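1. This block holds the first chain(s) of the complex, placed as they are in the complex; more will follow:
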Amino acid sequence: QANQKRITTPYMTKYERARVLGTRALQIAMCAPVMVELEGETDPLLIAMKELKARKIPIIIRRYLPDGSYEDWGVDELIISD
Amino acid sequence: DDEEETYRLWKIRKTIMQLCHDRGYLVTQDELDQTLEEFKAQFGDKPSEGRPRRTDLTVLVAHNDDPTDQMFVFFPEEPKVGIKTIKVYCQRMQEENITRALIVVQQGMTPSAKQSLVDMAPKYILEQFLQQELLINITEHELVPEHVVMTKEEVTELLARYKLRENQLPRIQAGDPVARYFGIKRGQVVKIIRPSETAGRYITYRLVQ
């Protein structure tokens, strides 16, 4: 769809939060570039959580409406529940 | 005796007028609010060869938008309706050129009569009610909430709003007493407004089948 006519709850829920925090951290585990500056920690979970706080996660979420039409949301316009 | 029969016919007539008003029809206000004394005064006194003969208690009433549909509800005198009664009742239709009517069956009816009513016509719509069914009002009960029948444009507006198909909606049987009470064909969608103790008021959509 286009920019207009886009309806879904804008609060990024816990399930896609866990999914993104898993997928991007595994991408660090497979030596992908890291979108944020880090200060002396090596756990991919910690840096992935830190850049989820920083809201610089370079993937988008394709949400399946029950009608059948897809709907694409990025990370930076979704706001964190925490 | 005569007293219990007058009470039964008064309750049946009051429920029939309530049915016509809930469906929405040109029912006068004092006709809906009839006491037992008024019923003994205007449509005769004691039954069983008195002024009530189970023939003059019929009701003819038309729709608010256009006065043409005009149900002519019946009241058979026999405990059972054998086919010749249905034949003369449907011969009485085209003389008055009416489409809708109802039958209040006293005790029961034959399998062959039921067969003839179900395969009668899509132009001669005829409903079946039992006598003891009309001593109570279903919508007046606490457990049964308010039912509202939509028009087709409201149904397609609903399906455009929620992006649903006709299959995906919740279903309700055509033999349900509320669906028979409202007199609705298959394919319509009823609006049910029930109260809830966690959201105040809920709206539930059902599609008959």
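-> Arrived safely, thanks for sending. Residues are numbered from 1 along each chain as shown, chains lettered A, B, ... in the order given.

2. Provide the secondary structure category for residue 5.
-> Picking chain A for this. Here residue A:5 takes the coil state, with states given by DSSP: H, G, I helix; E, B strand; the rest coil.

3. other chain: chain B
-> Secondary structure of residue B:5, reduced to three states by three-state DSSP: helix.

4. That one against residue B:48, yeah?
-> Yes: taking Cβ atoms under 8 Å as the contact criterion, residue B:5 and residue B:48 are neighbours in contact, 7.1 Å apart. Any C-beta I mention is one placed from the backbone N, CA and C, and that applies to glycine too.

5. more neighbours, these two?
-> Shown here are residue B:5 and residue B:48; by other Cβ atoms under 10 Å in any protein chain shown, residue B:5 has more neighbours (15 against 10).

6. dump the residue contacts of the nearest residue to the more buried one once chain neighbours are set aside.
-> Closest residue in space to residue B:5, ignoring its immediate chain neighbours: residue B:47 at 4.7 Å, by Cβ to Cβ, 6 or more residues apart in numbering or on different chains. Applying Cβ atoms under 8 Å, 6 or more residues apart in numbering or on different chains to residue B:47 gives the contacts B:2, B:5-6, B:9, B:53-54.

7. quick one: what helix or strand has residue B:47 in it?
-> Element membership of residue B:47 [criterion: DSSP states H and E] is none; it lies in no helix or strand.

8. and it, how far is that from residue B:1?
-> In this view, residue B:47 and residue B:1 are 9 Å apart by Cβ to Cβ, to the nearest Å.

9. same check, this time on residue A:67
-> Taking Cβ to Cβ as the measure, residue A:67 and residue B:1 are separated by 63 Å.

10. How about the residues of chain A by chain B?
-> A:65-67 (Cβ under 8 Å from any Cβ of the partner chain).

11. Out of these, which is nearest to chain B?
-> Distances from chain B to the residues of chain A next to chain B, taken as Cβ to the nearest Cβ, are shortest for residue A:67 (4.2 Å).

12. show me what contacts the spatially closest residue to the closest one that is not a sequence neighbour?
-> Take residue A:67 and drop its neighbours on the chain: the residue closest to it by Cβ to Cβ, 6+ apart is residue B:163, 4.2 Å away. The neighbours of residue B:163, taking Cβ under 8 Å, 6+ apart as the test, are A:65-67.

13. here's chain C, drop it on:
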Amino acid sequence: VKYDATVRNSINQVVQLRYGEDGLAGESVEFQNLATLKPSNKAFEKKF
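-> Adding chain C to what we have so far:
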């Protein structure tokens, strides 16, 4: 619960329009008091 916030079955049959008739999860809901139903008409007019 689908992403239209409608409770649906496996083959996409609507069971609830919203979760719990209001669309709210049960983890955060609390026991509360209305304090409007129980007072009388005189008390309601005095207090509101």
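
14. quick recheck of the contacts of residue B:47 now chain C is there?
-> With Cβ under 8 Å, 6+ apart as the criterion, the residues that contact residue B:47 are B:2, B:5-6, B:9, B:53-54.

15. Any of those residues buried? List them.
-> Burial by neighbour count, 16 or more other Cβ atoms under 10 Å in any protein chain shown: within the contacts of residue B:47 this picks out B:6, B:9, B:54.

16. Which of those sits closest to chain A?
-> The closest of those, once distances to chain A are taken by Cβ to the nearest Cβ, is residue B:9, at 52.1 Å.

17. Tell me which residues of the longest helix seen in chain A come out buried.
-> Among the segments of chain A that qualify as a helix by DSSP state H, the longest is helix A:14-29. Using 16+ other Cβ under 10 Å as the test for burial, helix A:14-29 gives A:17, A:20-21, A:24-25, A:27-28.

18. And those residues, which is closest to residue B:13?
-> For the buried residues of helix A:14-29, the closest approach to residue B:13 (Cβ to Cβ) belongs to residue A:17, at 64.0 Å.

19. Check which helices and strands the helix or strand following the longest helix of chain A is in contact with.
-> As assigned by DSSP H and E, the chain's next helix or strand after helix A:14-29 is helix A:44-53. Judged by 3 or more Cβ pairs under 8 Å, 6 or more residues apart in numbering or on different chains; DSSP states H and E, helix A:44-53 is in contact with helix A:14-29.

20. Return the distance of the helix it packs on from the chain's centre.
-> Between the centre of helix A:14-29 and the centre of its chain there are 7 Å (Cα atoms, centre = their mean, to the nearest Å).

21. Check whether it comes near chain C.
-> No: for a cut-off given as Cβ under 8 Å from any Cβ, helix A:14-29 has no contacts with chain C; the smallest distance is 10.2 Å.

22. So what touches that helix?
-> Defining contact as Cβ under 8 Å, 6+ apart, one finds that helix A:14-29 is touched by A:34, A:44-45, A:47-49, A:51-52, A:57-59, A:61, A:75, A:80-81.

23. Now residue B:195: which helix or strand?
-> When secondary structure is defined by DSSP H and E, residue B:195 falls within strand B:189-196.

24. hmm, back to that, got a winner among the contacts of helix A:14-29 for most neighbours?
-> If you count neighbours using other Cβ under 10 Å, the busiest of the contacts of helix A:14-29 is residue A:48, which has 24 neighbours.

25. residues touching that one, list them.
-> Listed by Cβ under 8 Å, 6+ apart, the contact partners of residue A:48 are A:21, A:24-25, A:28.

26. slot chain D in:
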Amino acid sequence: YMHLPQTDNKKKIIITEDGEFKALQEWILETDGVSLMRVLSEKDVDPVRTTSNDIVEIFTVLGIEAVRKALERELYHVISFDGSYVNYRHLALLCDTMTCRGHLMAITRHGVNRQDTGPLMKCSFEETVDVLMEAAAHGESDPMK
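-> Okay, chain D now, added to the rest:
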């Protein structure tokens, strides 16, 4: 049986002229066996608040929405008898989903297995080789959802 109720659930509660709820003790009748269809038709009973315990008869007399509300009240009564409380949302879900097909969905081998759902979810709960043989004979498709 005749007994004046003591719990406020079965007691008469009406509004008054001052707007205050008042507890009124009125005579109630509890029976054995269900004959509700002739019970409400009888003289001097209240056709509004009278309910029962059986589900098939209250389906045949009132309607599936009355089945919904009565099933809600009976499940709430049987769970919350001993003081244990459970949230309304799950009860509302179960009561809608046993009344969403137009008839009484029994949560048994004979009730859930008669849907238009996928046969592979059907064979995960009871009569497993029989419903798979049914799907093979009819050639029906599983939309895998």
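
27. Go back to the contacts of residue B:47, now with chain D?
-> For residue B:47, the residues meeting the contact criterion (Cβ under 8 Å, 6+ apart) are B:2, B:5-6, B:9, B:53-54.

28. ditto for residue C:16
-> Contact analysis of residue C:16 by Cβ under 8 Å, 6+ apart lists C:6-7, D:92-93, D:96.

29. quick one on the thing from earlier: which residues belonging to the strand holding residue B:195 are considered buried?
-> Burial within strand B:189-196, assessed by neighbour count using 16+ other Cβ under 10 Å, is assigned to B:189-192, B:194.

30. and chain D, which of those contact it?
-> Of the buried residues of strand B:189-196, the ones that also sit near chain D (Cβ under 8 Å from any Cβ) are B:192, B:194.

31. Now the residue nearest to residue B:172 when sequence neighbours are not counted: phi and psi?
-> If the residues on either side of it in the chain are set aside, residue B:172 comes closest to residue B:206, at 4.3 Å by Cβ to Cβ, 6+ apart. Taking degrees, to the nearest 10, you get phi -130, psi 140 for the backbone angles of residue B:206.

32. So what's the residue count around residue B:206?
-> As a burial measure, residue B:206 scores 24 neighbours (other Cβ under 10 Å).

33. now it: how far from residue C:4?
-> According to Cβ to Cβ, residue B:206 and residue C:4 sit 19 Å apart.

34. Please apply the same query to residue C:18.
-> Using Cβ to Cβ, one obtains 10 Å as the distance from residue C:18 to residue C:4.

35. Neighbour count for these two, which is higher?
-> When residue C:18 and residue C:4 are compared on other Cβ under 10 Å, the one with more neighbours turns out to be residue C:4, at 19 against 15.

36. Name the nearest residue to the more buried one, ignoring sequence neighbours.
-> Once flanking residues are discounted, residue C:4 sits nearest to residue A:66: 5.6 Å by Cβ to Cβ, 6+ apart.

37. Could you check how far that neighbour is from residue D:88?
-> Using Cβ to Cβ, one gets 24 Å for the distance from residue A:66 to residue D:88.

38. Give me the neighbour count for residue B:13.
-> The burial count assigned to residue B:13 is 21, neighbours taken as other Cβ under 10 Å.

39. where does it fall, helix, sheet strand or coil?
-> Reducing the assignment at residue B:13 to three states with three-state DSSP gives helix.

40. Show me what from chain C comes close to chain D.
-> Taking Cβ under 8 Å from any Cβ as the test, the list of chain C residues beside chain D reads C:7, C:9-16, C:19-21, C:26, C:29, C:37-44.
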